[PDB]
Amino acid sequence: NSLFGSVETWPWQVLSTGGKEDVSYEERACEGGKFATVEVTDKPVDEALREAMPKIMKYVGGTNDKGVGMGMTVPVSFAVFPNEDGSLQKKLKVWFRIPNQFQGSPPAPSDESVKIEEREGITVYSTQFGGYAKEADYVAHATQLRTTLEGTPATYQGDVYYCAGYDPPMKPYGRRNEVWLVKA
């Protein structure tokens, strides 16, 4: 009897790895399906997660019409929107993917802020870094990734990208954070 055998990995396919220098990247075709999203506006990215994420964790924790736990999917991605100077607007949207055994008919969220949405599969360029991430940290690694991708046939969107986290705020050791640039 495993306590967290319900936590599963986001299913994607590693198409290529690159960089090999100070900045490495992975090209991933990530599967779509149903998602639980929470939109937060007029709040910094650091403070948006502190309001949005507990709504997501309560949902998969039994705050749904069936009143059942659902496990979860790691990493938990959220969308940030950069200005022309690289800084992040006060807008945020969580993109938590429903576990596979609940992709068929996701339980409906009791909190109306949590919206079950559906998205198609996307391809992302991902770079990784450790520690507890802040707004300045996501920006710096997004820029270091854009720089590495410049000079290659890579093509990515510029109005939006995603940030991913693999560990709860409690787990300090060996954390993983990623920045996903959506391919176009």
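Quick note: we count residues from 1 along the sequence shown, nothing fancier.
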For this session: Can you let me know which of the two, 134-142 or 42-50, has the higher average C-alpha B-factor in the entry?
Result: 42-50
Problem set entry | Given 154-162 and 119-127, the range whose Cα B-factors average higher in the PDB entry | 154-162
Seminar exercise, completed: Binned into thirds over the chain's modelled residues, the C-alpha B-factor of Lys91 lands in the highest
Exercise. Where does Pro109 sit by CA temperature factor within its chain: lowest, middle or highest third?
Worked result: highest
Exercise. Against its chain's modelled residues, does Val60's Cα B factor rank lowest, middle or highest third?
Worked result: middle
Problem set entry | CA B-factor ranking of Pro169, expressed as a third of its chain | middle
